[PDB]
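First the structure, in the form of C-alpha cells, and then the observations on it.
Ideal geometry is used to build each Cβ from the backbone, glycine not excepted, and the neighbour counts take in all protein chains shown. We did not get these values from a lab; they are worked out from the coordinates using the rules stated.
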Amino acid sequence: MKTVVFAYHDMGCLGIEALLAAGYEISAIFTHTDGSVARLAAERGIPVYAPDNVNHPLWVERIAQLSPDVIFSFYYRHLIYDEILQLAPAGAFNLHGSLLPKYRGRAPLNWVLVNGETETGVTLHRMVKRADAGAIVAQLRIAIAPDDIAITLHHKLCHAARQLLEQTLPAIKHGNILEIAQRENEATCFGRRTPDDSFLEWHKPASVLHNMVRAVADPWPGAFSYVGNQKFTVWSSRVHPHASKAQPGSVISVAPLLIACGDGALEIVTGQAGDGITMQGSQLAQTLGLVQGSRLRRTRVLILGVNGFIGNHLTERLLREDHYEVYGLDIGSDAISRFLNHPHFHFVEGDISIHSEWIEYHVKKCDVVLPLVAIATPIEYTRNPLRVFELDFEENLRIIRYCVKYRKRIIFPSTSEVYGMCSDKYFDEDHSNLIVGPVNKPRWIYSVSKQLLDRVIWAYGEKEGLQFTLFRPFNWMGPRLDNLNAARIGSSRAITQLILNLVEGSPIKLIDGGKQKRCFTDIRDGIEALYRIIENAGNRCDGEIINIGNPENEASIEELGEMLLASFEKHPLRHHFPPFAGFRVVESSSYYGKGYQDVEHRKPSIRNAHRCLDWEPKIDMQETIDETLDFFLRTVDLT
Amino acid sequence: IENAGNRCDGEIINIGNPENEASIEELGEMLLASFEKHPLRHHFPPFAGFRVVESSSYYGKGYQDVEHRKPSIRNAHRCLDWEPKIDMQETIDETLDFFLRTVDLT
Ligand SMILES: O=C(O)[C@H]1O[C@H](OP(=O)(O)OP(=O)(O)OC[C@H]2O[C@@H](n3ccc(=O)[nH]c3=O)[C@H](O)[C@@H]2O)[C@H](O)[C@@H](O)[C@@H]1O
Ligand SMILES: Nc1ncnc2c1ncn2[C@@H]1O[C@H](COP(=O)(O)OP(=O)(O)OP(=O)(O)O)[C@@H](O)[C@H]1O
C-alpha cells in the first residue's frame, strides 16, 4: 500500500522499518524536532516534515495530495485529528504501548511499573475520535520481571512491537483484520506524569515505593525525597520485609541506607544528593548528613469593588470557607456591611482613582486580585463613553500592572459583551470571532475596551509570565444586581429596570420589540464557578478564559418581562404597587440615545468551565426571577 | 488637511484603490516580472522561487489574517472629490526601482 506515517523516537524507527520491510510505500513521514526518526527518513530518502501542527489546512491539503491508502501513528507526540485521519480509505492505526483497553492513557510504560503490574504489552488499534479507544487490530502480552525498570521494559516493549507489526502489518496490507472492539467498561486511562509525581511518601508500603523508583529510574528523572531542605533522588531500591518498629520515613541504618516504610523498609542502593553525581547509598547517606533520624496561613484574596453585585456575593461565598482572608475596597458598603464583623474580612471605603497607598500595598500583600470595579450598565456606554473608558479601561490597566509588578495572580472579569454580535450558536472562548459595529455606534466602546484589556493581560501572560484567568459572565442576575434607584436613570440591567417599572407603575418597554434573547444565569451558579476559579484546583485555570452562564436559560427580553410580570402578580406585596401599565415596544434610540446597537442572541459555550472547574449551571431562570423580584420589592419603603 | 468647506469634520475616510485588488501570489508574480526586466537584475542572485508556508512559521503562534480587503471610497469622493488614479503595476515598478537602488553594489 501507500501510506503517510506519524512517528517519533524508537517505536517510530522500528515502525517505519517494519512498514518498509512489509512492502509499503511511504509517501511522507511527519515527526518532531528535539533513534532519530528524521535521520532514518533522510537515510531512506523519504520526505520528512516536522510542523508544529499538522492539523493546519495547508498540511491536511498536502497530505491529501499524497493520497495515502492508510495512515500509521508510531509514537507521534502532537495529536492528529479526524480532519486528516479520514483521508485514508484503509483507515488509520496507532501503536499504543499497553494492553488496551487498560492503561489507554499516556506514559503506560511508567504507570504499569508504578502500579506494579505483572504484565503489559503492545496494541495496534484503529484511531477514532476517542483517544486509544479504536477497535483493536492486534495485541501482544509481555511479562514484567520483578527486576525490570522503565528502560529495560522499554526494550521489552520495543521488541514486542517489532514482532507484532512484523506479522500483523502484512495482514493490513491486504485486509485480513478483525476489528475486535474495546470493552469500554474495562478501559483504564492515565494522564501525563510530571516529575513531581515521583515523590516518595515513606508512609506507603516498601513495595509501592520500590515500584516508584523502578517506574522512573534512569534515564527517567527518578524518584525523590527530602532530607530537611535538601532534595535527593533514589536510583536503586531494594525492599526489606525486615520490619522495624521505627516510624515511617526514619533512617534505620546508613550502611546500607535503609529507610523505614509504612510496611517493611526500603534500601536506597544508589542515589544522588541534589544535582550531584550518583553514589552508593552509604555514601549518599553521608553526603546528606544522615544518621538514625527521620527523612522528609490562609489565602489572601483582594477584591476591588467588593460591594458590587459580583463582589458582595463572592465575599459571602469566600467567607464561608476557612482558608480565605478577604481584603476589599469600594466606594459603597451597604452590601458588605453585614460582614464587617467577620474576622477574616477586611474592608475599607476607597476609590480606585485616589487611594493608591492602600491598593498598591494590598496587591503587593495578597495572593489573588479580583478587579471588579467597573461600569457595566449599557446606557452609560453611549451616555458617558469617556467615563466608561477611564474607569473600565485605564483604572484597571493600572491594577493589572501592579499585578505583573508584584507577580500576583489576577482573576480578571472579562465580559460576554466581548463577543459582540458574534454569529456562532455558542460563543466560544477559544474559537469565536468577535464582532462589534461601526465607530459611530459607541455602545461597543465597552466591549472593545474590555477586549483590549483581555489582550494586554494575555500578552503579559505570554511575554512576562503573569498568572491569570479571564472569566466572562453571561447575564448573571439575582438580588443586588444594581438597585431600583439607579434604574430610575436607566443605569441598571434589564431585570432590575423592569422591576422598577412594576414598582412605580410605568410600562415595561421592550427595546426594538424585545425579541432579542440572552442566557440568564443565577448569581448563585456564577459565584460557584468563580469560587472554583479562585480555588484553581490543579492550576487548571491558568491562562484560561472561562465563560460562566447557563445556556439552558435562554429567553427573549419579552419572555423575561412576561415571567417577571407573572411572578409580580402572585407576589404577597403586589397590592402595594400600581396596576400594570403594560408592555410597550420602543425604538432603542429613545432609551439609549443615538449610537446604540445590540446583540440579537447570546449563548455561551461552557466547555472550558466544565473542563477546568467540573462546573455546570443548575438553577433555572424562573427561580432567579423570583429571588430577584422578591429582594427588590422588599427594598421599597412602604409608607 | 485642506478640509475645504469643513466637509471632513467628524468624518472617517477610507483611502485606497478598490481597482487594485490582487492576491499576494499575484503581487509576487507582478513583482518578479518587473524584477526580471530591471536593468540592475544581473547584480542579484537567481530566483529561488515561490514557496507556500504556514503563517505560524513566519509570524509565530497567534497569527490570523484577512482573506480580502476592499474599501468603500464613497466618503472620500463625497468629502474630498477624490478618486484613486495610479494603477498597481506602476506602483510596483516605482517601489522595486527605489529599493533596488538602495542596495550597495560592491
Ligand atoms: O451580564 C451580561 O452578560 C452583560 O450585561 C449587560 O449587557 P446586556 O445584557 O446587553 O444589556 P441589559 O441592560 O442587561 O439588557 C439586555 C437587553 O434588554 C433590552 N432592554 C433592557 C432594558 C429595558 O428597559 N428594556 C429592554 O428591552 C435591551 O435591548 C438590552 O440590550 C452589560 O452591558 C455587559 O457588560 C454584561 O457582560
Ligand atoms: N472609582 C471607584 N472606586 C471604587 N469602587 C468603584 C468605583 N467605581 C465603581 N466602583 C464600584 O464597583 C462595584 C462593582 O460594580 P457593579 O456591582 O455595578 O457591577 P458588577 O458586579 O461588576 O456587574 P457584572 O457582574 O454584571 O459586570 C460597585 O459596587 C461600586 O461600588
Practice task
Give me the percent of Cα-Cα pairs in region A:405-453 that sit more than 14 Å apart, rounded to a whole number.
Solution key: 55 percent
Handout entry: Principal semi-axes in Å for region A:147-202 [√(5λ), Cα gyration tensor, largest first]
Key = 32, 19, 9
Problem - Cα-based Kirkwood hydrodynamic radius, region A:297-639, one decimal, Å - result: 20.6 Å
Handout entry: Sequence of A:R443, A:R493 once ranked by neighbouring C-beta atoms within 10 Å, starting from the fewest
Key = A:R493, A:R443
Practice task
Would you please put A:214-222, A:418-426 in order of how densely packed they are, using the mean number of other Cβ atoms within 10 angstrom per residue and starting with the highest?
Solution key: A:214-222, A:418-426
Practice task
Can you tell me the order of A:94-107, A:196-209 when each peptide is scored by its average per-residue count of other Cβ atoms within 10 angstrom, highest first?
Solution key: A:94-107, A:196-209
Practice task
Treat each spin label as a single point 7 Å out from the Cα along the C-beta direction, and report the A:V128 to A:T639 distance in nm.
Solution key: 7.1 nm
Exercise for the section: Ignore the peptide's own chain and count Cβ atoms of other chains within 10 Å of each Cβ in B:52-65; give me the average, rounded. Expected result: 2
Practice task
Tell me the Kirkwood hydrodynamic radius of the protein assembly as shown in angstroms, computed as one over the mean inverse distance between distinct C-alpha pairs.
Solution key: 32.0 Å
Problem - Overall dimensions of region A:1-297 as given by Cα atoms, namely Rg and Dmax in Å - result: 22.5, 70
Completion exercise
Cα-Cα longer than 18 Å, checked against A:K364/A:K463; A:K364/A:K405; A:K441/A:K594, kept in input order, equals A:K364/A:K463
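At a temperature of 10 °C and a viscosity of 1.306 mPa s, determine how fast region A:481-629 diffuses translationally according to Stokes-Einstein, using the Kirkwood radius over alpha-carbon pairs as Rh; express D in µm²/s, rounded to the nearest whole number. Before the final figure, lay out the partial values.
Values: Rh = 16.9 Å.
Roughly 94 µm²/s, to the nearest whole number.
When the Kirkwood hydrodynamic radius is evaluated over all pairs of different C-alpha atoms of region A:169-294, what value in angstrom, to one decimal, is obtained?
Hydrodynamic radius (Kirkwood, Cα only) of region A:169-294 equals 16.2 Å.
From the helices alone, meaning DSSP H stretches of at least four residues, give me the mean residue ellipticity at 222 nm for chain A, per-run term -39500 (n - 2.57), in deg cm²/dmol to the nearest 500.
Numbers: 21 runs with 210 residues, N = 639.
Rounded to the nearest 500, the figure is -9500 deg cm²/dmol.
Counting DSSP beta bridges with both partners in region A:297-639, what percentage is antiparallel, nearest 5?
On the way: 3 of 37 bridges.
In region A:297-639, approximately 10 percent of DSSP beta bridges are antiparallel ones.
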Handout entry: Of all DSSP beta bridges in the protein assembly as shown, antiparallel share, percent nearest 5
Key = 40 percent
Practice task
Treat each spin label as a single point 7 Å out from the Cα along the C-beta direction, and report the A:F580 to A:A21 distance in nm.
Solution key: 8.2 nm
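May I ask what percent, to the nearest 5, of DSSP beta bridges between residues of region A:1-297 are antiparallel?
Values: 32 of 49 bridges.
Taking every DSSP beta bridge within region A:1-297, about 65 percent pair in antiparallel fashion.
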Practice task
Rounded to the nearest Å, what's the spacing between the alpha carbon centres of region A:486-554 and region A:584-632? Just the number, please.
Solution key: 4 Å
Problem - Other-chain or far-sequence residues with amide H under 5 Å of A:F6's (modelled H) - result: A:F30, A:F72, A:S73, A:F74
Exercise for the section: Above 23 angstrom, tally the Cα pairs of chain B and express them as a % of all pairs, no decimals. Expected result: 53 percent
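How much net charge surrounds A:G538 when only the other residues with a Cβ under 13 Å from the Cβ of A:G538 are counted, with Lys and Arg +1 and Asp and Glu -1? Walk me through the intermediate numbers first.
Working: positive: A:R192, A:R532, A:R540, A:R611; negative: A:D196, A:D197, A:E535, A:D542, A:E544, A:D614.
Net local charge, A:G538 excluded: -2.
Going by how many other beta carbons lie within 10 Å of each one, how would you line up A:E166, A:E569, fewest first? Let's see the in-between values first.
On the way: A:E166 14, A:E569 10.
Taking fewest neighbouring Cβ atoms as first place, the list is A:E569, A:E166.
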Problem - Alpha-carbon centroids, region A:1-74 and region B:34-60: separation in whole Å - result: 30 Å
Practice task
Two decimals is fine: what is log10 I(q)/I(0) at q = 0.14, 0.15, 0.16 Å⁻¹ for region A:50-158, from a Debye sum with one equal scatterer on every Cα and no solvent?
Solution key: -0.61, -0.68, -0.75
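Calculate the all-directions average of the projected area of region A:271-316's alpha-carbon convex hull, and give it in nm².
Result: 7.0 nm².
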Problem - Too-long pairs where the Cα-Cα distance tops 19 Å, listed order kept, from A:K450/A:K517; A:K425/A:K517; A:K2/A:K156; A:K156/A:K204 - result: A:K450/A:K517; A:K2/A:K156; A:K156/A:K204
